Amino acid sequence: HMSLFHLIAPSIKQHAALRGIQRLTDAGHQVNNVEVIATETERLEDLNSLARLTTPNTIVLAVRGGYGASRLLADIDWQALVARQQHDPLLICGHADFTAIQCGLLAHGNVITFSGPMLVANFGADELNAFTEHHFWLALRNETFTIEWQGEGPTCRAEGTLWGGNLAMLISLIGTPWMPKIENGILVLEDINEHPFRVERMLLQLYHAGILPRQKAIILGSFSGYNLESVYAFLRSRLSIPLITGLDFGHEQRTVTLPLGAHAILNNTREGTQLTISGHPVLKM
Amino acid sequence: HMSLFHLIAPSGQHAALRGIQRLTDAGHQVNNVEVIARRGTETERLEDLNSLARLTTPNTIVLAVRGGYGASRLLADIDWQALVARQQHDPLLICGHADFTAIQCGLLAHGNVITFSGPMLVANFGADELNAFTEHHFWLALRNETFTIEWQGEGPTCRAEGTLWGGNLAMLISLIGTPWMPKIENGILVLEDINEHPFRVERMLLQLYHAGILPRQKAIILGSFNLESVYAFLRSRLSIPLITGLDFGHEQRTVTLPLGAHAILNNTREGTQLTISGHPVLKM
């Protein structure tokens, strides 16, 4: 599906950015704004100017998700972005720090965007990961699709709004206007950076702030004698809802793509785990 | 002066025995020397804390051993009311930092119970040398009903008074949205952190900003943590003074602050003073 990409940089790896552009263009995609690989106001305008980006059915790809989004949140024109996304929505995709903007979008107007690969980390990596490439196009091209993996957890079925992304970024939003108030959801979390104790401290905060227990289920993506198993065990000891581990999701070279704010059905059985996702915007045919 | 220290280890060994040795050689005494044995379980780390409600020897200094991870696990099981009740008469003088901030905060949230953010057994008393600055500032706070810390702080020249609070930034962040967040406004909030990358410091400071915590204080002091863009950015969002350069936190130089005490911040051109009162002291 040959597509139009529009690069945004709300958050040094220019060679990998070019390698990503070259791969996309070589494969017959077009890049709307190649010129912007040559400050606050300029990073801010990358986002606010999306409300005036009216190219048809466009994939808006975050270039990198190192830090910077947090500075922007109070100056983003949320209403104009939410208005934009009411018709021929941009298909907005990124991860890591980009999670904060994604959550902001959800909180102001249930705008669905894709927690998934970025130009530098994924598309311009030394090897393009096929698993990641597959799941990206899988999500953007199919109005209903299913992710399968060998998850670890109780056998169960839950259905609700899919949300989450990067754990630290989601924590950074508690207390603020940009925390989405989603209940009875399937909450998917990743943070491949952090020390286990920090992961635990953050999961606990989600617990004691009342976010985790109000969901229908919790899925943990990529994270890497006190280790991560102790953290899962302790969290499970607090929760009366299923917590499933083992999804390839986050900043590993393997990551699925997840439409935050879409509808999902989680089904975990002895045979393995399925997540069926629908309602997100797709490439049009 | 010569004191009784009672050790607690709700969080987290050579340096620990060296710290005990330094305290006992100076003529202090140390109870609960057995918390350096367990490697312990939730239940016992819990009991370190809950049993303080029945430690009634007066003028006792409860000293946290280390402030690595652990407290977060305990907060929902701590008998906060029994601790608040204990501290209304001949209160314990409870001192720690780092992870210990969370307990300190829970105490504030439950009863405006003052405690001290300052040295701990392993990091401070058991280091290669006992740092004289830190030593002086610990005893200054515990012995004097009114005392004044001075330093060459950087910020606007200003005078502000309110409830002093804060401690470790990440730990205070961990409490937003939970029952253990102190509800202090019009205060003097002092923050420090260790081994945080600048961008992580910024994210945390921004969260305190956007949750409405920073702008509701009278002032913000930054302790020990390149972060100049981080100070510049937060200053660009705040309408209240933000003073840097205090020696507070996890470096060998740290002051000791009585969280929940009354403070007057005075920053001038010739330097910064923080005048603190209302906290419990060693009584003679």
# chains A, B, ... in the order shown; residues from 1 in each chain; ligands from 1

$ closest_atom_pairs --of "chain B" --to "chain A" --cutoff "9 Å" --atoms "only C-alpha atoms" --output "Markdown table"
| residue | atom | partner | partner_atom | distance |
| --- | --- | --- | --- | --- |
| B:69 | CA | A:197 | CA | 6.4 |
| B:70 | CA | A:197 | CA | 8.4 |
| B:72 | CA | A:201 | CA | 6.5 |
| B:73 | CA | A:204 | CA | 7.9 |
| B:76 | CA | A:208 | CA | 8.6 |
| B:171 | CA | A:201 | CA | 8.8 |
| B:173 | CA | A:172 | CA | 8.2 |
| B:174 | CA | A:205 | CA | 5.8 |
| B:175 | CA | A:205 | CA | 6.7 |
| B:176 | CA | A:175 | CA | 6.6 |
| B:177 | CA | A:209 | CA | 4.6 |
| B:178 | CA | A:209 | CA | 4.7 |
| B:179 | CA | A:208 | CA | 7.8 |
| B:199 | CA | A:67 | CA | 6.4 |
| B:200 | CA | A:67 | CA | 8.5 |
| B:202 | CA | A:70 | CA | 8.4 |
| B:203 | CA | A:70 | CA | 6.4 |
| B:204 | CA | A:172 | CA | 6.7 |
| B:206 | CA | A:70 | CA | 7.1 |
| B:207 | CA | A:172 | CA | 5.7 |
| B:208 | CA | A:175 | CA | 8.4 |
| B:209 | CA | A:176 | CA | 8.8 |
| B:210 | CA | A:176 | CA | 5.4 |
| B:211 | CA | A:175 | CA | 4.6 |
| B:212 | CA | A:176 | CA | 7.9 |
| B:233 | CA | A:71 | CA | 8.2 |

$ select_by_dssp --residues "stretch 153-263 of chain B" --states "strand (DSSP E)" --output "PyMOL selection string"
chain B and resi 158-168+188-192+219-222+242-243+257-259+262-263

$ atom_distance --atom1 "atom CA of residue A:278" --atom2 "atom CA of residue A:58"
19.3 Å

$ residues_around --residues "stretch 91-95 of chain B" --least-positions-apart "6" --cutoff "6 Å" --atoms "only C-alpha atoms" --output "list in words"
residues 60, 61, 62, 63, 115, 116 and 117 of chain B

$ residues_around --residues "residue A:50" --least-positions-apart "3" --cutoff "9 Å" --atoms "only C-alpha atoms" --output "PyMOL selection string"
chain A and resi 45-47+53-54+60+80-81+84+90

$ write_last_selection --atoms "N, CA and C atoms" --output "short mmCIF file (atom, residue, chain, number, x, y, z; two decimals), in the first residue's frame"
data_model
loop_
_atom_site.label_atom_id
_atom_site.label_comp_id
_atom_site.auth_asym_id
_atom_site.auth_seq_id
_atom_site.Cartn_x
_atom_site.Cartn_y
_atom_site.Cartn_z
N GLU A 45 5.31 23.99 16.30
CA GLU A 45 4.62 24.16 15.00
C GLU A 45 4.52 22.85 14.22
N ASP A 46 5.50 21.96 14.32
CA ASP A 46 5.35 20.61 13.76
C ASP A 46 4.02 19.98 14.19
N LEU A 47 3.60 20.21 15.43
CA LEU A 47 2.36 19.60 15.88
C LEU A 47 1.20 20.47 15.54
N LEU A 53 -2.60 20.62 7.93
CA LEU A 53 -2.11 19.58 6.98
C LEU A 53 -3.29 18.79 6.44
N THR A 54 -3.63 19.03 5.18
CA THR A 54 -4.85 18.51 4.58
C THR A 54 -4.57 17.59 3.39
N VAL A 60 1.27 10.31 9.63
CA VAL A 60 2.13 11.26 10.30
C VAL A 60 3.05 10.41 11.17
N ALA A 80 -7.87 22.35 17.88
CA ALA A 80 -7.65 22.37 16.45
C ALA A 80 -7.21 20.99 15.93
N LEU A 81 -6.38 20.28 16.69
CA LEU A 81 -6.02 18.92 16.30
C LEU A 81 -7.21 17.99 16.37
N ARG A 84 -9.36 18.72 13.35
CA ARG A 84 -8.70 18.08 12.19
C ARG A 84 -9.00 16.63 12.00
N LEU A 90 -5.54 12.18 9.86
CA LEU A 90 -4.14 11.75 9.83
C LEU A 90 -4.01 10.42 10.63
#

$ residues_around --residues "residue B:28" --least-positions-apart "5" --cutoff "8 Å" --atoms "only C-alpha atoms" --output "list in words"
residues 2, 3, 4, 5 and 23 of chain B

$ write_last_selection --atoms "N, CA and C atoms" --output "short mmCIF file (atom, residue, chain, number, x, y, z; two decimals), in the first residue's frame"
data_model
loop_
_atom_site.label_atom_id
_atom_site.label_comp_id
_atom_site.auth_asym_id
_atom_site.auth_seq_id
_atom_site.Cartn_x
_atom_site.Cartn_y
_atom_site.Cartn_z
N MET B 2 24.90 13.50 73.26
CA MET B 2 24.83 11.99 73.22
C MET B 2 23.41 11.49 73.26
N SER B 3 23.11 10.64 72.29
CA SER B 3 21.73 10.32 71.96
C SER B 3 21.57 8.83 71.76
N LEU B 4 20.32 8.43 71.73
CA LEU B 4 19.89 7.10 71.38
C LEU B 4 19.34 7.11 69.92
N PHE B 5 19.90 6.25 69.10
CA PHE B 5 19.49 6.09 67.71
C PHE B 5 18.75 4.75 67.66
N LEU B 23 28.88 6.15 65.33
CA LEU B 23 27.92 6.71 66.30
C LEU B 23 28.20 6.27 67.80
#

$ residues_around --residues "stretch 22-26 of chain A" --least-positions-apart "6" --cutoff "10 Å" --atoms "only C-alpha atoms" --output "ChimeraX atom specification"
/A:2-5,16,119,123-124,128
